[PDB]
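A.B. asks: Before I ask anything, here is the structure I am working with.
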Amino acid sequence: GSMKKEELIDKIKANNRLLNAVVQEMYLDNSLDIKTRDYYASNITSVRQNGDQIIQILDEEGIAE
């Protein structure tokens, strides 16, 4: 079971904020610019890199769609 190019960014999208510890109140700002909350999401980066890292991994290797 491999994730599709559409599910690749979707999985990490929800897997990123999966932390919800420090920027759990900012990242949850669905009515805010992804970049806006992304900035404050620098402290919890420890959890962001986890997914953000795959974003490129699947981009370089390619996704099955």
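Identifiers for the structure tokens are assigned positionally: chains receive A, B, ... in sequence, residues are indexed from 1 per chain, and ligands are indexed from 1 in the order shown.
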Please provide as JSON, numbers by chain all residues within 8 Å of residue 41 in chain A, with the sequence filter that same-chain residues fewer than 6 positions apart are discarded (counting only C-alpha atoms).

C.D. replies: {"A": [23, 27, 48]}

A.B. asks: Excluding same-chain residues fewer than 4 positions from residue 55 in chain A, what lies within 8 Å of it counting only C-alpha atoms, as a list in words?

C.D. replies: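 In the requested form, the answer reads residues 8, 9, 12, 51 and 59 of chain A.
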
A.B. asks: If you count only C-alpha atoms, which residues fall within 10 Å of residue 22 in chain A, apart from same-chain ones fewer than 2 positions away, as a PyMOL selection string?

C.D. replies: chain A and resi 19-20+24-27+40-44

A.B. asks: So, with only C-alpha atoms as the atoms that count, which of A:47, A:60, A:38, A:65 lies closest to residue 7 in chain A?

C.D. replies: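 Comparing A:47, A:60, A:38, A:65 against residue 7 in chain A, the winner is A:65.
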
A.B. asks: Run DSSP on the backbone and give me the residues of range 17-64 of chain A it puts in helix (DSSP H, G or I), as a list in words.

C.D. replies: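 Selecting the helix (DSSP H, G or I) positions of range 17-64 of chain A gives residues 34, 35, 36, 37, 38, 39, 40, 45, 46, 47, 48, 49, 50, 51, 52, 53, 54, 55, 56, 57, 58, 59, 60 and 61 of chain A.
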
A.B. asks: How many Å lie between CA of residue 32 in chain A and CA of residue 5 in chain A, rounded to one decimal?

C.D. replies: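 A separation of 24.4 Å between them.
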
A.B. asks: What separation in Å, quoted to one decimal, exists between CA of residue 36 in chain A and CA of residue 58 in chain A?

C.D. replies: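 It comes out at 24.8 Å.
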
A.B. asks: Point out the residue among A:53, A:39, A:2, A:30 with the least atom-to-atom distance to residue 15 in chain A, counting only C-alpha atoms.

C.D. replies: A:53

A.B. asks: Give me, as a count of residues only, all polymer residues having an atom no more than 10 Å from residue 62 in chain A, counting only C-alpha atoms and skipping those fewer than 5 positions away in the same chain.

C.D. replies: 4
